[PDB]
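Everything on this sheet refers to the single structure shown next.
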Number of protein chains: 4
Amino acid sequence: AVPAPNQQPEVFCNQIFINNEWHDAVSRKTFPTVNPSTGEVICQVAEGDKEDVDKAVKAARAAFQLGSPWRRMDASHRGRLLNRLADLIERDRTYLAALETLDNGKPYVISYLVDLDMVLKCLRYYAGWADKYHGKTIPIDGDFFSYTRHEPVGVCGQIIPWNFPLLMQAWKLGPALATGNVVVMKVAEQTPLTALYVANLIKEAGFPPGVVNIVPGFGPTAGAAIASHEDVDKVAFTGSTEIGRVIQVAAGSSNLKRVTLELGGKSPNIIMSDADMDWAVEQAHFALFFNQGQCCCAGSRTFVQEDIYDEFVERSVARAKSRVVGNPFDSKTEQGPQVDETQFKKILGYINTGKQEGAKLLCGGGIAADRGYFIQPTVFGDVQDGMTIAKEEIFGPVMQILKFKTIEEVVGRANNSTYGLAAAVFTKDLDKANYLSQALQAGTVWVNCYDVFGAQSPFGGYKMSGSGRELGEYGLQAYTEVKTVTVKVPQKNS
Amino acid sequence: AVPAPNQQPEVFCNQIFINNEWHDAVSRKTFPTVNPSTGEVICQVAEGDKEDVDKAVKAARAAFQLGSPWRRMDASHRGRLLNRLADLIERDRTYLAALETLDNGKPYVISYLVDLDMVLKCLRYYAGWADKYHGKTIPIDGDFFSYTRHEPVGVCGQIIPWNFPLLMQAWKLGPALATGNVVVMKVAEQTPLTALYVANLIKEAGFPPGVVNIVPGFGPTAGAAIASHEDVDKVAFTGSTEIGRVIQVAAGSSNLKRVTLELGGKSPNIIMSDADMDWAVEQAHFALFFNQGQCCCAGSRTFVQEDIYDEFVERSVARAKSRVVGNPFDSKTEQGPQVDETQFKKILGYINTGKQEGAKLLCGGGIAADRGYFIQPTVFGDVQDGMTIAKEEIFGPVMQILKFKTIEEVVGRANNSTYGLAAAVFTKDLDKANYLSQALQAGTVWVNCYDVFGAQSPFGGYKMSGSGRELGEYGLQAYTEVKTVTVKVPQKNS
Amino acid sequence: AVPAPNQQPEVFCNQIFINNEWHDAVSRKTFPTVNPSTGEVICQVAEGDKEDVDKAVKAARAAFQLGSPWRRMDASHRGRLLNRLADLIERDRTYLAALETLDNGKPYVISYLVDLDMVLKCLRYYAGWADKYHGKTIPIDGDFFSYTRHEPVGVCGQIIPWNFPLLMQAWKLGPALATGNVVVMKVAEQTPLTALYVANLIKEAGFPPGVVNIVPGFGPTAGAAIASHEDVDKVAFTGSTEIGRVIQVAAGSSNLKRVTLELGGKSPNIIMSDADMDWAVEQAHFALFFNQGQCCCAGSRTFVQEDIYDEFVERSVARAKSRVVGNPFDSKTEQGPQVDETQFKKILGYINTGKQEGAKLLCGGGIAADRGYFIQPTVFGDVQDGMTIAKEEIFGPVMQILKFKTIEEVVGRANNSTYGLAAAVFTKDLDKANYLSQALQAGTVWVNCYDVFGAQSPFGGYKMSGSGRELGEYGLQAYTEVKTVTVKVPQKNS
Amino acid sequence: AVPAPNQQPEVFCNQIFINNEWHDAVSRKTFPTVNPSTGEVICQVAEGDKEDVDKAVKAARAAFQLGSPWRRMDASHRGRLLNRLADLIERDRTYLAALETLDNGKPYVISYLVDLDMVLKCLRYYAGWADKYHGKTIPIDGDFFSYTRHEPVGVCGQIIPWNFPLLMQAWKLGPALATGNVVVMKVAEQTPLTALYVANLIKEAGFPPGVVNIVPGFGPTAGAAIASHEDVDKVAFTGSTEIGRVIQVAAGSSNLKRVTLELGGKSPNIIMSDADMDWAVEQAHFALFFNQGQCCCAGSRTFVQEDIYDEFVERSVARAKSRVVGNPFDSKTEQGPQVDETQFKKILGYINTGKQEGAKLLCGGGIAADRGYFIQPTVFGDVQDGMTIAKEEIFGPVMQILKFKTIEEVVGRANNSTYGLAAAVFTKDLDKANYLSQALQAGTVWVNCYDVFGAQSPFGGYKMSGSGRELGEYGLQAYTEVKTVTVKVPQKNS
Ligand SMILES: O=C(NCc1ccc2c(c1)OCO2)c1c(Cl)cccc1Cl
Ligand SMILES: O=C(NCc1ccc2c(c1)OCO2)c1c(Cl)cccc1Cl
Ligand SMILES: O=C(NCc1ccc2c(c1)OCO2)c1c(Cl)cccc1Cl
Ligand code: NA
Ligand code: NA
Ligand code: NA
Ligand code: NA
């Protein structure tokens with residue numbers, strides 16, 4: 001049940017947001033952001049660089065000074081401000097969902113019902129944590145009173161991706177602001193607009209100036225400037241595994257800022273022979289093709305027990321052949337365009353590679369429209385662990401189906417990856433679900449479902465899929481600096 | 001492996017323990033403790049009364065005075081003392097095991113491998129908690145520093161049953177001592193001996209005098225004096241639901257002391273048609289017959305799905321007839337005698353009451369030896385929910401087997417009870433297991449097992465099976481008094 | 001900026017509230033509620049009794065059924081509902097504040113700025129807890145997966161007092177509803193009206209029918225009915241220690257329902273000779289006289305070190321004489337009337353008692369007006385520990401000032417009470433502060449302040465001031481029932 | 001009351017420890033470890049490099065395989081093993097104490113009463129955590145059951161320093177083993193002996209082969225090997241801020257392993273004018289001179305209020321001159337030799353800068369014995385913030401005394417450092433205490449004490465003193481990898 005979208009939403013924010021004001025870049029340069037459905041430019045956006053990041057960091061540092069409005073504010077009041085922000089986002093939900101669809105390509109129905117819903121749920125979840133993340137009083141030996149203070153880490157540099165622009169902004173801001181930090185945020189060049197607008201709403205909500213600063217721009221410039229900045233206390237980066245390597249080195253090279261990363265994956269989706277066939281087929285489709293395949297936790301390795309392989313495959317092809325690709329503003333559209341021409345071309349490449357390395361093309365495999373970055377839903381069968389398409393993140397509507405015989409075999413094959421973001425298991429058997437959930441080396445294990453996120457439950461990678469967790473109580477850990485205070489007392493008693 | 005037992009072990013402690021010293025009752029009166037296996041007196045025990053509880057409580061109060069050795073001792077040291085006590089108990093394991101069997105009647109092999117293992121594991125678990133039950137520092141509104149101290153509740157009265165004499169002592173002392181409380185404990189007249197020997201070890205381990213005081217005696221006398229005492233801060237009572245209510249009333253009429261209760265049960269053991277038959281049969285036998293059926297969480301309503309009912313009943317009667325009843329010191333014996341004559345008569349009465357209401361007596365039904373309180377492993381088939389034996393706690397080797405058709409049915413029938421201590425579900429199905437464990441109104445739900453206890457996991461009743469939880473972190477809650485300290489500061493900052 | 005009050009607000013709700021609907025008593029009976037300022041009837045209210053409670057409990061039980069809208073609702077959505085209730089209460093703040101003052105007698109400026117603000121803060125605080133009170137996964141011995149579910153305790157009977165009608169309602173509803181329980185609430189006959197109007201807002205907020213039910217009526221009838229009810233799972237009572245006793249006995253005689261109590265106190269306010277004199281004198285006046293002295297935690301024993309005694313007393317008496325008594329709607333008013341004629345008389349009796357037993361009456365001591373129930377702020381000096389006014393809760397504007405010499409002395413005297421709700425220490429010295437805060441046997445110790453409450457920090461009694469805690473994370477404990485699920489697994493690994 | 005030392009303890013272990021066996025370096029190269037009191041070689045030690053590290057990592061990885069004895073072991077049993085290891089270390093206490101003094105130089109009385117006591121206390125503390133670090137059950141949105149498993153991070157590389165050889169080993173092993181990780185440990189070339197002996201005790205204790213592996217060697221070889229190893233999951237480094245940056249860059253350039261750092265400091269010790277003079281002077285002495293000044297948290301900037309400055313300086317100089325230097329095994333010795341030639345020369349270098357830059361050398365200043373790396377207790381007065389000795393970590397017995405006026409001024413000065421490991425405040429004033437503890441940007445703030453460690457309380461740096469915390473519950477975090485398991489259920493209910 002969804003409000004009709006404005007199919008050409010106006011843009012009101014496209015600059016640098018520092019101290020609750022809008023700036024051009026110091027260089028006065030701009031860059032274009034494109035509508036992926038048409039390939040035409042939406043507008044130019046302020047192209048931030050090191051000098052701009054420098055202004056934002058100083059503004060945040062100022063806001064963080066002992067005795068500032070933000071530092072003195074009651075924790076409960078930080079929660080009031082987060083709740084007010086969620087309220088304003090709801091007020092503007094229909095507009096934001098459309099703007100999201102315009103800049104990103106995802107279907108408006110999904111932006112509205114999924115993304116913006118999750119944004120509201122995330123911010124309202126963290127609003128509640130603001131005054132509940134207690135330190136401890138500690139029964140240390142001797143005549144001492146010892147306790148810990150949970151203080152903010154300080155100035156947090158936050159780098160976010162283009163696949164879920166508003167949701168990722170929320171995943172970062174929620175825990176950060178709940179714990180009284182200040183942020184310098186770099187948004188993706190492919191999708192800067194919606195986070196920029198939310199910045200205006202952060203102003204409207206009443207956050208003191210400098211508490212949230214947003215610098216659009218490129219990675220080799222704006223992003224690198226953040227990771228390497230000498231007065232940034234903490235960096236949180238979501239993006240490719242390859243770039244997460246650059247970030248941590250830059251943190252080592254600079255001021256030894258604390259680092260968390262959310263990176264790529266090649267998550268195994270395991271279908272046992274006792275699985276509910278219909279449910280598992282639809283879920284495996286969802287697991288892979290959701291959001292044009294542009295999900296770090298995409299179920300891009302579908303392991304199917306040989307007894308049910310043939311039928312599972314037949315039903316999966318039928319579903320993929322009937323997945324509607326088209327204008328993201330049409331309510332019937334299941335899959336919009338890929339985010340840009342670079343991804344468009346990289347995905348086509350992987351398709352070309354999968355055919356060459358002997359995988360069996362079951363459907364799709366081509367461009368799905370002559371304008372915009374639309375790709376046919378694609379399904380490869382008889383995929384082998386050694387193939388490129390079975391090892392590398394494609395980040396597109398390309399499905400991999402593999403065949404296995406035993407539960408021991410599959411555990412080994414599933415875990416034989418340098419990735420470890422997520423995994424799933426479909427089975428009716430209690431013992432099989434418990435065996436696999438324990439044995440799978442992944443940050444999240446779904447059982448008879450996929451892509452089930454809740455602001456209550458932590459998310460993050462094992463292995464090279466990242467480190468640290470977002471969401472849940474766990475999402476607060478990376479944003480807290482712990483101070484022990486130990487006080488001599490006349491005579492300690494229990 | 002089990003050392004050969006001393007079948008008539010010497011008794012060294014048979015009086016009232018106060019201030020690490022042994023006292024006669026102030027009346028000098030004593031009572032007999034009997035060997036359940038023969039019906040003969042083992043020895044006399046000091047019969048503690050109100051005047052003896054008063055002495056015990058005054059001693060405990062003095063030990064709890066601010067600045068006392070017990071109050072000043074580091075938390076980690078209370079932990080060291082508990083580990084030392086466990087070490088001492090293990091040193092005297094073979095002796096304690098045999099004395100447990102002599103006074104209580106359970107098989108020596110079980111006293112040694114189960115009861116004593118569990119006593120050691122309980123004490124060592126709680127030793128670990130001594131210095132880890134943190135208070136909080138709290139982001140309170142305004143210019144204040146606010147925190148909580150987790151202090152001991154104070155003088156705790158503890159009344160334990162006769163079914164697991166040593167283990168029940170450990171479940172009480174573990175948490176209370178870990179958190180720095182002092183104890184006045186009343187032990188069952190049926191089984192005073194092992195608990196009094198452990199008082200010797202407590203002194204030997206170095207607990208300051210008055211920290212643990214033990215008063216053997218009767219219920220309406222010593223036990224009542226504890227529950228009704230004006231200077232006792234907290235009572236923990238394990239026993240029947242009936243006496244559980246005397247305790248809460250006595251607390252309310254006196255000083256409004258804090259109360260926790262571990263009462264009776266009539267726990268449902270649910271076997272679905274897709275259970276592993278062999279496993280389900282043995283586990284169901286175990287679930288009911290363990291400890292001569294003297295378990296508050298005995299699976300005394302065995303619900304079996306109609307499709308497998310017949311096979312289940314045949315296998316269950318075969319197993320009940322094979323159960324060896326004899327001298328608990330004989331290694332072949334699976335079942336010792338009931339704890340005393342009162343229990344002996346009562347259980348026999350219940351069997352009669354069941355042969356009345358048209359339940360099929362399938363085996364046993366009668367006395368099993370002309371010497372001692374031995375009762376034949378009894379099975380009732382085709383039991384109906386309205387029958388007295390399907391409603392009331394028997395506390396003897398009497399198994400009730402009921403039939404059911406659907407999952408909705410068994411849920412309602414299982415839940416239709418004023419008891420809710422435990423429950424079990426046997427099934428291979430993920431969803432059935434999850435549906436039932438959520439739906440069942442019980443303090444503990446075991447899946448594909450029964451009587452699985454861990455010091456790590458809490459245990460306690462829903463409904464009239466008690467309130468509060470023992471074991472786990474949760475067992476600390478009832479023994480902690482929370483103090484908020486809120487301090488005016490010059491200027492609060494995050 | 002306090003909006004001008006309507007001195008005669010309209011009454012919209014005066015019936016029994018069940019299933020989100022307004023009912024007359026089955027008996028059709030009503031009782032008058034009085035304006036303690038004029039002594040004249042405001043209106044009549046439905047007089048609920050056993051049969052009305054029974055209907056409410058049934059409605060509550062029905063709303064609690066597995067699969068019901070309240071049981072199935074996302075934890076996070078319970079939070080949304082609590083947040084909406086707060087918004088509506090804030091929308092109607094001016095009205096509720098005026099209504100509170102009409103029925104209770106407290107100054108309108110205080111109803112508006114203190115009570116209402118605290119209600120909003122309590123509700124918004126607990127809103128945040130709804131989806132954050134996690135159960136545990138537990139490293140139990142053996143090949144098992146063991147975890148705890150934190151389930152709602154169930155049908156909760158809440159009996160609340162007249163001193164803080166709206167605030168006490170919120171302190172009870174917040175934790176109960178955050179944790180998914182259902183409520184049958186008995187409001188005070190002196191002050192039923194504001195609670196009933198809030199019921200209307202509960203409906204407007206969208207809480208399912210039967211989740212909150214309110215039965216206005218008397219104590220020995222509606223109150224006792226809830227306490228003794230066989231289908232009420234938990235009872236929370238705030239009132240006199242004497243009635244707390246009846247509540248506990250009732251719980252024990254019936255179904256062993258869980259019980260928490262917030263009872264009376266005789267809280268010591270300790271002023272060291274090195275305290276800021278001006279601040280100490282204002283805070284001491286506030287501590288005793290706030291809300292016409294009708295606070296469970298009133299600083300009703302003011303201990304003042306002998307070096308500063310004569311000056312403190314002189315300043316205290318001066319402050320008491322200038323305290324403005326009169327019309328609670330008049331901004332100039334500091335002190336309204338006591339709540340009713342029963343309290344009025346009780347306070348006059350204690351005043352006479354004080355004079356009779358030799359306490360030095362320094363000011364007031366009598367009736368301050370003819371209409372209503374106004375009492376002169378009264379100060380006794382040279383009070384001794386053995387005096388009745390030094391021991392018993394007066395619950396009126398009657399201050400006790402006692403002289404002490406040493407910090408070791410004052411600890412014993414402060415602690416020599418059957419009460420232990422709160423205490424305070426005024427001193428500039430770090431060591432004196434830490435010494436006293438540790439040594440004082442009280443649920444809350446304020447340092448250099450008094451009556452500092454935060455939804456974040458727990459509050460409750462030691463000894464006979466009650467058991468359990470309200471506010472903070474601690475306030476969730478009594479509203480939770482712990483279920484252990486222990487599942488057999490093929491092979492346990494770390 | 002310290003048992004007599006063996007002043008020339010025999011060495012039993014001097015090789016590489018892998019799989020509970022002793023190995024020569026693959027290259028058979030060795031290196032001398034020297035007694036710093038005499039400058040004479042104690043013995044040769046296996047010089048491990050990359051190849052030996054690879055052997056140790058493979059051993060660790062194997063011990064960590066699902067289904068291995070270490071993986072299947074009950075968590076409570078891991079605790080039993082830690083406690084057993086502690087008992088063994090206690091058995092060998094005088095021996096390890098003497099060998100520590102022999103290889104490191106610290107006085108045997110301190111090694112015995114401080115280092116080994118703290119090793120015992122740390123290991124016993126973490127033993128208790130083994131089975132108590134619960135994951136969560138989470139009330140996620142929707143029809144799901146969601147929980148977290150707290151799993152081990154896996155193969156942990158641990159690089160420890162030479163200043164507290166045994167204690168640092170325990171600080172790393174306690175948490176890592178309590179949570180069921182496996183370790184590859186690199187010990188400092190200056191002090192490899194006591195840690196290798198503890199490896200024998202780990203074997204004796206019962207730890208499976210490969211769970212703990214120790215590779216002595218140099219930093220740029222063995223250490224860099226661990227940090228860059230593609231199969232090490234986590235690294236914990238304690239050492240110079242300079243090296244810590246190498247560690248974080250290796251992490252980033254290899255496998256993105258998780259990293260924690262405990263680095264250097266320049267901690268401020270703040271003496272307010274109302275401090276207790278005698279106490280403050282003796283504690284300022286201890287704060288800096290402890291462990292030959294070889295403490296990361298040394299109070300190396302002693303800020304003293306101008307009103308008591310002169311008296312404080314005179315008293316400090318007097319105490320410094322009386323500080324006994326010499327043979328660490330002599331009971332009168334307060335200060336042993338520095339650890340090695342490199343440190344010796346670097347300290348003398350800093351003393352030279354201090355003189356060159358115009359700091360008043362008040363006592364000491366050079367070599368204190370003709371044999372061994374003994375340096376005189378040195379005090380510089382009237383130090384200025386800009387001086388090299390006020391800024392850089394000296395890590396020797398060189399005291400900086402600075403003069404200040406206001407509390408605001410000194411906060412700004414103390415916080416003007418890229419270090420933030422610890423700090424201390426001396427004052428009798430409640431408000432001053434609270435103001436400073438909050439305001440100081442340090443990982444630990446001591447009040448009226450210094451160098452007060454407890455296993456219960458976390459320790460770690462702000463800014464460039466490190467990241468992550470050791471000790472306490474917090475110390476378990478870096479050693480846990482969190483897994484979310486989200487399960488579809490028939491129907492979610494509260
Ligand atoms: O729509 C859902 N997930 C889609 C999804 C996929 C990848 C994502 C995501 C949501 O959030 C960030 O990454 C979804 C579902 Cl089917 C069930 C429960 C909760 C949720 Cl949120
Ligand atoms: O106005 C306050 N207390 C008044 C008060 C007294 C007794 C009470 C109460 C509020 O709530 C229940 O009992 C108050 C103050 Cl002065 C400082 C901080 C927070 C608060 Cl809430
Ligand atoms: O002797 C102590 N500290 C000395 C010390 C200094 C630096 C350290 C350390 C111990 O452990 C690691 O770093 C000490 C003191 Cl005076 C009081 C309580 C507890 C402790 Cl352990
Ligand atoms: Na775009
Ligand atoms: Na007996
Ligand atoms: Na009234
Ligand atoms: Na050496």
Side-chain angles (χ1 to χ4, degrees), chain A residues 32-37 39-43 45 99-105 140-144 146 162 165 188-194 337 339-340 373 486 488, chain B residues 140-144 146 486 488, chain C residues 106 110 113-115 117-119 121-122 161 163-164 167-168 170-171 238 262 282-283 286-287 289-291 294-299 421-422 446 449-455 457 459 470-471, chain D residues 110 113-115 117-119 121-122 161 163-164 167-168 170-171 238 262 282-283 286-287 289-291 294-299 421-422 444 446 449-455 457 459 470-471:
Chain A
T33 174
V34 176
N35 187 155
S37 301
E40 297 290 338
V41 164
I42 295 185
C43 66
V45 172
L99 184 53
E100 190 83 312
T101 286
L102 193 78
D103 206 14
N104 170 285
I140 194 179
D141 287 347
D143 293 326
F144 306 98
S146 184
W162 48 261
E189 44 263 58
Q190 291 94 159
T191 58
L193 301 168
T194 54
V339 76
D340 64 16
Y373 311 118
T486 295
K488 174 190 195 60
Chain B
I140 199 175
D141 276 6
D143 286 320
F144 306 93
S146 190
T486 298
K488 179 185 169 66
Chain C
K106 70 179 74 202
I110 300 299
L113 287 179
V114 183
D115 297 52
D117 193 43
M118 299 186 60
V119 164
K121 279 175 184 172
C122 174
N163 60 343
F164 293 89
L167 186 60
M168 291 304 97
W171 280 19
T238 305
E262 295 271 348
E282 193 59 24
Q283 287 301 297
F286 176 69
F289 290 106
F290 188 71
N291 202 40
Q294 297 165 334
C295 189
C296 68
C297 54
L421 187 56
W446 291 292
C449 53
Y450 209 96
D451 283 343
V452 176
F453 293 91
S457 299
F459 183 89
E470 298 189 323
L471 303 193
Chain D
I110 291 311
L113 289 182
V114 183
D115 296 64
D117 189 50
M118 293 183 73
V119 167
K121 285 180 174 185
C122 176
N163 65 335
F164 292 90
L167 189 50
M168 288 308 93
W171 279 22
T238 297
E262 298 259 349
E282 184 58 36
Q283 288 293 292
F286 176 64
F289 296 106
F290 191 75
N291 203 43
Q294 300 169 323
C295 296
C296 296
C297 58
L421 188 50
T444 300
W446 286 296
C449 60
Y450 208 96
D451 274 351
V452 172
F453 294 72
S457 302
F459 186 92
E470 302 198 321
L471 301 187

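Note that ligands are numbered from 1 as they come in the structure, with each ligand's atoms numbered from 1 the same way. What you see below is based on every heavy atom in this structure, not just the backbone, and it leaves out hydrogens, waters and symmetry mates. Naming: A, B, ... by sequence-line order, numbering from 1 per chain.
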Q: If you have a sec, read the angle at the Na ion (ligand 4) from A:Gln190 atom O over to A:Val34 atom O, to 10 degrees.
A: 160°
Q: Could you pull out, from D:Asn163, D:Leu471, D:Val452, the option with a heavy atom nearest to atom 18 (C) of ligand 3?
A: D:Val452
Q: Report the part of D:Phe453 in contact with ligand 3, treating N, CA, C, O as backbone and CB onward as side chain, heavy atoms under 4.0 Å; options are side chain, backbone, both, neither.
A: both
(Q) We want to know whether A:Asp103 and A:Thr33 form a side-chain donor-acceptor pair, criterion being a heavy-atom distance below 3.5 angstrom. (A) yes
Q: Quick one: look up the protein heavy atom nearest atom 5 (C) of ligand 3 and list residue, atom name and how far away it is.
A: D:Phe290 CE2, 3.4 Å
Q | Atoms in ligand 3 flagged as close to D:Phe286, the criterion being non-hydrogen separation under 4.0 Å | A | 1 (O), 2 (C), 3 (N), 4 (C), 16 (Cl)
Q: Could you check atom 11 (O) of ligand 3 against the protein and tell me its nearest heavy-atom contact, residue, atom and distance included?
A: D:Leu167 CD2, 3.4 Å
(Q) Does the residue D:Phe459 have a heavy-atom contact with ligand 3, meaning some pair of atoms that are separated by less than 4.0 Å? (A) no
(Q) Would the distance check show the side chain of C:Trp171 and the main-chain N or O of C:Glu470 forming a donor-acceptor pair, the cut-off being under 3.5 Å? (A) no
Q) Which of the atoms of ligand 2 are close to C:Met118, meaning less than 4.0 Å from one of its heavy atoms? A) 10 (C), 11 (O), 21 (Cl)
Q.
So, 3.0 Å as the limit: is an N/O/S atom of A:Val339 located closer than that to the Na ion (ligand 4)?
A. no
Q) Does A:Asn104 bring an N, O or S atom to within less than 3.0 Å of the Na ion (ligand 4)? A) no
(Q) I'd like to check C:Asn163 versus C:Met168 (side-chain heavy atoms, cut-off strictly below 4.5 Å). Are they in contact? (A) yes
Q) What is the closest protein heavy atom to atom 20 (C) of ligand 3, and at what distance does it sit? A) D:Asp451 O, 3.7 Å
Q) With a 4.5 Å heavy-atom cut-off, do A:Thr194 and A:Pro165 have their side chains touching? A) yes
Q: Examine all N, O or S atoms of A:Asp103, backbone included, and report whether one is under 3.0 Å from the Na ion (ligand 4).
A: yes
